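FYI, it's all coordinate maths here, none of it is from the lab. Cβ placement follows ideal geometry from the backbone for every residue including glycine, while neighbour counts extend to all protein chains displayed.
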Amino acid sequence: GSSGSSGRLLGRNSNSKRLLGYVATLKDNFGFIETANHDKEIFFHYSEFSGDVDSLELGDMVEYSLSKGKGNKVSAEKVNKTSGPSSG
């Protein structure tokens with residue numbers, strides 16, 4: 001993160017839950033995420049992703065959230081890479 005000019009990355013955190021997923025596909029414009037059920041897919045733009053979308057690969061874990069009612073059309077927002085539990 002470092003410090004300096006501080007762009008627009010931080011926002012609000014209180015009415016937004018956290019979720020995880022797995023990079024299903026990585027293109028040269030947008031990517032997809034496979035949920036735990038492996039029945040649906042999330043849509044996130046490179047502009048929405050804050051980190052190293054170019055470094056991301058297939059199988060890696062990521063953090064995202066949802067903010068829509070019941071529907072087939074779902075998309076993520078403010079996506080960012082995140083680590084998980086493992087032998088350190």
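Would you pick out the residues in segment 78-88 that are exposed (fewer than 14 other Cβ atoms within 10 Å of the Cβ) and either in contact (Cβ under 8 Å) with a residue 60 or more places away in the chain or under 19 Å from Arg18 (Cβ atoms) (or both)? Listed by number, the residues that qualify are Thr82, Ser83, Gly84, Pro85, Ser86.
Take segment 21-40 and flag every residue that is part of a strand (DSSP E or B) and either in contact (Cβ under 8 Å) with a residue 24 or more places away in the chain or on the phi > 0 side of the Ramachandran plot (or both). Listed by number, the residues that qualify are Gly21, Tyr22, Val23, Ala24, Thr25, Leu26, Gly31, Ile33.
Considering segment 49-65, and only residues there that are aliphatic (A, V, I, L, M) and in a strand (DSSP E or B), the residue that is surrounded by the most Cβ atoms within 10 Å (Cβ to Cβ) turns out to be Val62. Pull up segment 1-40, narrow it to residues that are charged (D, E, K, R) and within 12 Å of the chain's Cα centre (by Cα), then point me to the one that is surrounded by the fewest Cβ atoms within 10 Å (Cβ to Cβ). Only one residue tops the list, namely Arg18.
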